[PDB]
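Enquirer: The structure under discussion is supplied below as structure tokens; questions concerning it will follow.
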Amino acid sequence: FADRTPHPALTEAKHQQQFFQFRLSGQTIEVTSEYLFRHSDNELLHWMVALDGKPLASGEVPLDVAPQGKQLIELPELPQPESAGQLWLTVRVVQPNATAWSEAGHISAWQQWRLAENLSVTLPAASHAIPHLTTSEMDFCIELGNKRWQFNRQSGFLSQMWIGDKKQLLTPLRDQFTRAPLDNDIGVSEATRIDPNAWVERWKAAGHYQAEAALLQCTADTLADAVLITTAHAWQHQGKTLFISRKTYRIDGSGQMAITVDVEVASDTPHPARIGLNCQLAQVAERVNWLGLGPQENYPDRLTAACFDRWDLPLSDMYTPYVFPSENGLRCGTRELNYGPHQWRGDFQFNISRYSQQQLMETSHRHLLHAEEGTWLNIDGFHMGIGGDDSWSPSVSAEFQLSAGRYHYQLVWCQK
Amino acid sequence: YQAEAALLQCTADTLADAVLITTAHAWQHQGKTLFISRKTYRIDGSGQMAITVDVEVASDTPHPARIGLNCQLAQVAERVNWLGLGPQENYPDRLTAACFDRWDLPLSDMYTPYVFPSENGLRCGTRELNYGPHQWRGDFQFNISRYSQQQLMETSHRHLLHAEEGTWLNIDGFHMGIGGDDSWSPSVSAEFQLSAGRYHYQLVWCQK
């Protein structure tokens, strides 16, 4: 920023430009120096092995590597854990002494890898309680304990949840296919000249920002130990069907709601910016806790610098205050997200903030944004790349466009 | 090639207009779980069985060659009719020459008689497959023949293959590339390896 505070992209540049390169082969790390002139004489290697965020082993090895040379580092016999989960190895190079340009403890390079994984073969504990379905003309209602879920039969969306008598939502949980456009999506360098190839112009012409959901199907069933709700929706613009969404919600005896989503995208509409859900939660909590890539904002084509771990930040750090407001704050590769009493599990991307995608789209300056009631949560199965080879022509590479035609993802929403 | 399936779950429910069967299986070798498969079968009033499959693959096992189903059908029909890429054999990294259309061939053209027997005969990008009275719909790859994968693996020469009873059908959600930059080192590019960790696909099996 003009006051010399960093954008989140500065950390991506730091990692890609590091002077040490690392390879892992079994138990050996190979450290290669990209210095031309100096020996590594102010460097030590911290390693750590963790299992789904919880630490298991650590260590430090002093680096002694000639300019353009290699050093092999053998790790001690790693622990075999009983429990299920992915093991991660993380190395960081730390400078123990101050320089002319850095403080003591400056981290100059890092790298992360997956080691062994144990898949969970334990079937969930069978609960005695059965959730109760009630059916009016307007609604399906599911009660279990103090918990309640309500699905509106005209819209076919989850419209409210209660814990006790405390309502949890301010807006229903609905599909989302759009983002507040980034500067690379707008694709303008001269304010007098408009490109029709720009992502935002293609999305606007096709009607993605205006598409209205039509309900196709909405039904409810009692199984032995669960309630199943099944919905389908079509998004249309002027006769043309752009997207179809088929969902199942399965509410079991433990109180966990499992959501399964299957989406079809017309092959001739421009590829959507995202495929996910959004809602506005009634509460405002101080912290956000997640297990996945961080701690900084990261996108599918800018995530090499983020590391998988357990992160905890205050809510205001989950928003990036770009001077011209846009989509911001995404965290990728997430397995678990905790916010107040809510927990979401899956394999997803999310952003969480006090500003809707709509408010970010209609406001031209950050100082004119005002916090909305509650918190806006965007949970995505899939998200387009952000580009940036330049900003005045389309620049998202084809491997980061959402061009597969069929998409599938699942979440579990529960109360921790 | 040795992994044994262990049953985790198998339950049945009557819905308003359908029956739902739900299964889970773990494939193991010496304590280590290699794959987990969760399936639903939903049999409705029109007689269509809808099958939904979700697979997890351990990150540290080598990427599998395919993710799909197989069975041996009792009947032997003369023709195979499909809507998808053809008419020749095509694989995920060798399909640029095949065109999407409606193809009809005799069963013996669905097998490629390579002198040293191997996996052969795959057709990709398929939306519909008709064989005798059966129809399968989805978005899948298939091969159909009189030889099991096991017989093709254990036999060294094509002239020693013998037709089995009925027909062997392999239906795949996903299939690895075949390589061929050379034949004496690994040569399948990373975009054609099955490295995603989680896989999902669905079929409808019905009688036409």
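Enquirer: Out of all the residues in the stretch A:163-199, which are over 27 Å from A:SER403 (Cα atoms), touching a strand residue (DSSP E or B) at 6+ places or on another chain (Cβ under 9 Å) and either crowded, with 17+ Cβ neighbours inside 10 Å or among the hydroxyl-bearing types (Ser, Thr, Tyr) (or both)?
Expert: Across the stretch A:163-199, the qualifying residues are A:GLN168, A:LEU169, A:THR171, A:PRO172.
Enquirer: Name every residue in the stretch A:175-227 that is at positive phi and free of Cβ contacts under 8 Å to residues at least 40 places away in the same chain, in order of residue number. Write out each step before concluding.
Expert: First, the residues of the stretch A:175-227 that are at positive phi: A:187, A:207.
Matches in the stretch A:175-227: A:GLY207 only.
Enquirer: Of all residues in the stretch A:375-396, count the ones that are hydrophobic (A, V, I, L, M, F, W, C) and more than 30 Å from B:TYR199 (Cβ to Cβ). Walk me through how you get there before you give the answer.
Expert: From the stretch A:375-396, those hydrophobic (A, V, I, L, M, F, W, C) are A:376-377, A:379, A:382, A:384, A:386, A:392, A:396; that's our starting set.
Going one step further and asking which of them are more than 30 Å from B:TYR199 (Cβ to Cβ), we end up with A:376, A:392.
Summing the residues that are hydrophobic (A, V, I, L, M, F, W, C) and more than 30 Å from B:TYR199 (Cβ to Cβ) in the stretch A:375-396 gives 2.
Enquirer: Picking from B:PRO92, B:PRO64, which residue would you name as being buried (at least 17 other Cβ atoms within 10 Å of the Cβ), within 24 Å of B:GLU119 (Cα to Cα) and touching a helix residue (DSSP H, G or I) at 6+ places or on another chain (Cβ under 8 Å)? Write out each step before concluding.
Expert: Numbers: B:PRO64 fails: touching a helix residue (DSSP H, G or I) at 6+ places or on another chain (Cβ under 8 Å).
The match here is B:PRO92.
Enquirer: Looking only at the stretch B:36-50, how many residues end up being within 14 Å of another protein chain (Cβ to nearest Cβ) and in contact (Cβ under 8 Å) with a residue 40 or more places away in the chain?
Expert: Adding up the residues that qualify gives 1.
Enquirer: Of the residues that make up the stretch A:144-158, is at least one without any contact (Cβ under 8 Å) to a residue 12 or more places away in the chain and loosely packed, with under 12 Cβ neighbours inside 10 Å?
Expert: Looking through the stretch A:144-158, none of the residues is without any contact (Cβ under 8 Å) to a residue 12 or more places away in the chain and loosely packed, with under 12 Cβ neighbours inside 10 Å.
Enquirer: Is it the case, given these coordinates, that A:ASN184 is away from every other protein chain (no Cβ under 14 Å), touching a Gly at 6+ places or on another chain (Cβ under 7 Å) and within 30 Å of A:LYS14 (Cα to Cα)?
Expert: Values: away from every other protein chain (no Cβ under 14 Å): yes; touching a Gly at 6+ places or on another chain (Cβ under 7 Å): yes; within 30 Å of A:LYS14 (Cα to Cα): yes.
Yes, satisfied.
Enquirer: For the stretch A:26-53, what are the residues that are assigned to a loop (DSSP other than H, G, I, E, B) and within 35 Å of the chain's Cα centre (by Cα)?
Expert: Initially, the stretch A:26-53 is screened for residues assigned to a loop (DSSP other than H, G, I, E, B), giving A:26-27, A:34-43, A:52-53.
Answer for the stretch A:26-53, where residues must be assigned to a loop (DSSP other than H, G, I, E, B) and within 35 Å of the chain's Cα centre (by Cα): A:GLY26, A:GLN27, A:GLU34, A:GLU43, A:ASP52, A:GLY53.
Enquirer: Hey, another quick one. Among the residues of the stretch A:377-416, write down those that are hydroxyl-bearing (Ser, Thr, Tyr) and outside any loop (DSSP other than H, G, I, E, B). If you could, list the steps in order and put the result at the bottom.
Expert: We begin by selecting, within the stretch A:377-416, every residue hydroxyl-bearing (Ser, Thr, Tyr); these are A:391, A:393, A:395, A:397, A:403, A:407, A:409.
Across the stretch A:377-416, the qualifying residues are A:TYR407, A:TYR409.
Enquirer: How many of the residues in the stretch B:9-33 are within 11 Å of chain A (Cβ to nearest Cβ) and farther than 28 Å from A:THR219 by Cβ?
Expert: Matching residues across the stretch B:9-33 total 7.
Enquirer: Same structure again: When the residues of the stretch A:332-378 are narrowed to those that are charged (D, E, K, R) and more than 14 Å from every other protein chain (Cβ to nearest Cβ), which ends up nearest to A:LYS416 (Cα to Cα)?
Expert: Just the residues of the stretch A:332-378 that are charged (D, E, K, R), to begin with: A:335-336, A:345, A:347, A:354, A:362, A:366, A:372-373.
Still in the running and more than 14 Å from every other protein chain (Cβ to nearest Cβ): A:336, A:354, A:362, A:366, A:372-373.
Working: A:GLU336: 12, A:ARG354: 22, A:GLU362: 36, A:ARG366: 34, A:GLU372: 25, A:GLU373: 23 Å.
Residue satisfying both the conditions and the ranking: A:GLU336.
Enquirer: Of all the strands (runs of 3 or more DSSP E) wholly in the stretch A:229-312, which have at least 3 residues that are touching a residue at least 12 places away in the same chain (Cβ under 8 Å) and closer than 21 Å to A:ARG174 by Cα? Working first, answer last.
Expert: Working: elements: A:240-252, A:257-265, A:274-281, A:287-294.
It comes to A:240-252, A:257-265, A:274-281.
Enquirer: Could we say that A:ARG287 is more than 22 Å from A:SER395 (Cα to Cα) and within 14 Å of chain B (Cβ to nearest Cβ) here? Explain how you work it out, then say what you get.
Expert: Details: more than 22 Å from A:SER395 (Cα to Cα): yes; within 14 Å of chain B (Cβ to nearest Cβ): no.
The answer is no for A:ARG287.
Enquirer: Do any strands (runs of 3 or more DSSP E) entirely within the stretch A:54-169 hold 3 or more residues that are within 14 Å of chain B (Cβ to nearest Cβ), and if so, which?
Expert: Numbers: elements: A:54-62, A:70-74, A:85-95, A:106-118, A:132-135, A:139-144, A:147-152, A:157-163.
Counting at least 3 such residues, we get A:85-95, A:106-118.
Enquirer: Count, please, the residues in the stretch B:99-143 that happen to be among the β-branched types (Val, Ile, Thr) and buried (at least 17 other Cβ atoms within 10 Å of the Cβ). Walk me through it before giving the result.
Expert: Just the residues of the stretch B:99-143 that are among the β-branched types (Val, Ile, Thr), to begin with: B:112, B:115, B:126.
Retained after the next criterion (residues that are buried (at least 17 other Cβ atoms within 10 Å of the Cβ)): B:126.
Of the residues in the stretch B:99-143, 1 are among the β-branched types (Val, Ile, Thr) and buried (at least 17 other Cβ atoms within 10 Å of the Cβ).
Enquirer: I'd like to check something: does the stretch A:316-332 contain any residue that is touching a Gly at 6+ places or on another chain (Cβ under 8 Å), within 20 Å of B:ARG198 (Cα to Cα) and surrounded by 18 or more Cβ atoms within 10 Å (Cβ to Cβ)?
Expert: As a first pass, look at the stretch A:316-332 and keep what is touching a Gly at 6+ places or on another chain (Cβ under 8 Å): A:318-320, A:331-332.
Next, from what is left, pick out any that are within 20 Å of B:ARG198 (Cα to Cα): A:331-332.
Narrowing the set further to residues that are surrounded by 18 or more Cβ atoms within 10 Å (Cβ to Cβ) leaves A:331-332.
Yes: the stretch A:316-332 contains one or more residues that are touching a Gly at 6+ places or on another chain (Cβ under 8 Å), within 20 Å of B:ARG198 (Cα to Cα) and surrounded by 18 or more Cβ atoms within 10 Å (Cβ to Cβ).
Enquirer: If I go through the stretch A:1-48 residue by residue, how many of them are closer than 30 Å to A:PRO325 by Cβ and of a type in the set (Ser, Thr, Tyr)?
Expert: Residues flagged as closer than 30 Å to A:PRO325 by Cβ and of a type in the set (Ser, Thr, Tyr) within the stretch A:1-48 amount to 2.
When we count neighbours, we look across all protein chains shown, and the Cβ atoms used for this are built from the backbone with ideal geometry, even at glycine. Each reported figure results from applying straightforward, stated rules to the coordinates on display, with no laboratory input.
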